[PDB]
Amino acid sequence: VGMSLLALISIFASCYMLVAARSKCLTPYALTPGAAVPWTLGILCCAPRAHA
Amino acid sequence: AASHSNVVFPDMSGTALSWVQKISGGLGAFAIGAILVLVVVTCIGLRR
């Protein structure tokens with residue numbers, strides 16, 4: 001039980017860190033009426049798939 | 001009477017199954033190449 005719980009905690013922490021890093025990298029692009037840099041769009045998936 | 005257990009399916013390393021493996025491998029390589037071509041083309045098309 002201890003090992004399983006620790007593994008789940010670590011994997012959740014890593015997933016949260018990835019999501020937060022994505023949000024922090026793509027936050028400034030929704031504060032401008034500009035383009036999303038398809039180069040960055042491919043690597044960093046965002047909610048706008050085709051629009052904007 | 002027979003002194004064996006009467007099993008006939010050959011090994012995967014046999015001549016017949018080697019031929020089958022080689023032919024399937026060639027066809028699979030062709031299919032994978034076609035998949036890659038389609039994926040590259042569609043990604044380039046979507047990047048526009």
# chains A, B, ... in the order shown; residues from 1 in each chain; ligands from 1
>>> interface_residues(of="chain A", to="chain B", cutoff="12 Å", atoms="only C-alpha atoms", output="list in words")
residues 36, 37, 38, 39, 40, 41, 42, 49 and 50 of chain A
>>> atom_distance(atom1="CA of residue 21 (chain A)", atom2="CA of residue 47 (chain A)")
14.9 Å
>>> atom_distance(atom1="CA of residue 22 (chain A)", atom2="CA of residue 44 (chain A)")
6.8 Å
>>> select_by_dssp(residues="region 5-44 of chain A", states="alpha helix (DSSP H)", output="list in words")
residues 5, 6, 7, 8, 9, 10, 11, 12, 13, 14, 15, 16, 17, 18, 19, 20, 21, 22, 23, 24, 25, 26, 38, 39, 40, 41, 42 and 43 of chain A
>>> atom_distance(atom1="CA of residue 28 (chain A)", atom2="CA of residue 16 (chain A)")
19.6 Å
>>> residues_around(residues="residue 33 (chain A)", least_positions_apart="4", cutoff="12 Å", atoms="only C-alpha atoms", output="list in words")
residues 28, 29, 51 and 52 of chain A
